[PDB]
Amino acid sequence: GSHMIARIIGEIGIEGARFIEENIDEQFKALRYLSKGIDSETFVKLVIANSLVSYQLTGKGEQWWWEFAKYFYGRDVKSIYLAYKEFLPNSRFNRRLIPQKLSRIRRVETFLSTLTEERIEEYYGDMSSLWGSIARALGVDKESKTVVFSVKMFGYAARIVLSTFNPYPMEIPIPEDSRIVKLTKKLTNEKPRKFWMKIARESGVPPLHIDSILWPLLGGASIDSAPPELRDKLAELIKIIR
């Protein structure tokens, strides 16, 4: 139930989520690779743009993020929109809805240009303000899947370029889509948004850090590299969710 899941997630903690993010999560590995082949500001802008087109993919998320990172390493990027106009039509893992996705990037381009290194620092210290600002730039609801996901991925990119860690805010929920709906139905009859926010509050682990724990473990990523005590807690969570 909710109490048991919250207890195990609380034992894992932000510390354990941070371990998974930085050591196991393949999307973080892809971002780390790209961060070594392009300037810090362009890197963060590209990560947000990529997140906003990361819906209805033609591939797994891990394949898509690696395709993104390998494509942009060493490239000279000026317009984010023009870069994506060339990138998406040749991609393997993001072939659906390309004109629509390019239009999202053209629309967010101005906001992305405000992401100087200092503004990135400011937003990493106040990710709820970034959450609302991305939504306003697109003219959409901030609860939408790709807006929430862009904040999560911004948090990965910012921590790399700023070499410091700030936890995600408790108020930002897990992104909602057919995938978390299905996982929640495996576990409980409670509605997903209510369920996971309750889990986050009870455990003390913000929802976006819970998001980091869930998907690698559910996808079968190995936990063997976790130190023995954390490994035991991750094994216990696997018993609950998989």
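The term rigid core refers to the most C-alpha atoms you can superpose between the two forms while keeping them within 1.5 Å. Numbering starts at 1 and follows the sequence shown.
Comparing 216-224 and 8-16 where Cα RMS over structures and residues is taken in 5 other deposited structures of this protein (core fit), larger one
Relative to the shown form, the greater RMS C-alpha distance in 5 other deposited structures of this protein belongs to 216-224.
Between 110-118 and 168-176, which one strays more from this form in 5 other deposited structures of this protein if you match the rigid core and compare Cα atoms?
Checking 110-118 against 168-176 in 5 other deposited structures of this protein, I find the farther stretch is 168-176.
Quick check on the record: does 136-144 or 160-168 carry the larger mean Cα temperature factor?
Between 136-144 and 160-168, it is 136-144 that shows the higher mean C-alpha B-factor.
Compare the mean C-alpha B-factor of 222-230 with that of 12-20 as given in the PDB entry, and name the stretch with the higher value.
Higher of the two, by average CA B-factor, is 222-230.
Per the coordinate record, which of the options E41, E26, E176, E67 holds the highest CA temperature factor?
Spelled out: the listed residue with the top C-alpha B-factor is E176.
What's the residue among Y71, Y81, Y123, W131 with the greatest CA temperature factor in the PDB record?
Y81 has the highest C-alpha B-factor of those listed.
Based on the entry's values, in what third of the chain does the Cα temperature factor of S103 lie: lowest, middle or highest?
Highest third - that is where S103 ends up once the chain's C-alpha B-factors are sorted.
Relative to the other modelled residues in the chain, which third contains the C-alpha temperature factor of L214: lowest, middle or highest?
As the PDB entry reports it, the C-alpha B-factor of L214 lands in the middle third of its chain.
Place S51 in the lowest, middle or highest third of its chain's C-alpha B-factors, as listed in the PDB entry.
For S51, the deposited C-alpha B-factor lands in the lowest third.
Select lowest, middle or highest to describe the third in which the CA B-factor of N189 falls within its chain in this entry.
As the PDB entry reports it, the C-alpha B-factor of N189 lands in the highest third of its chain.
Third of the chain, ranked by Cα B-factor, where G61 sits:
CA B-factor rank for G61: middle third.
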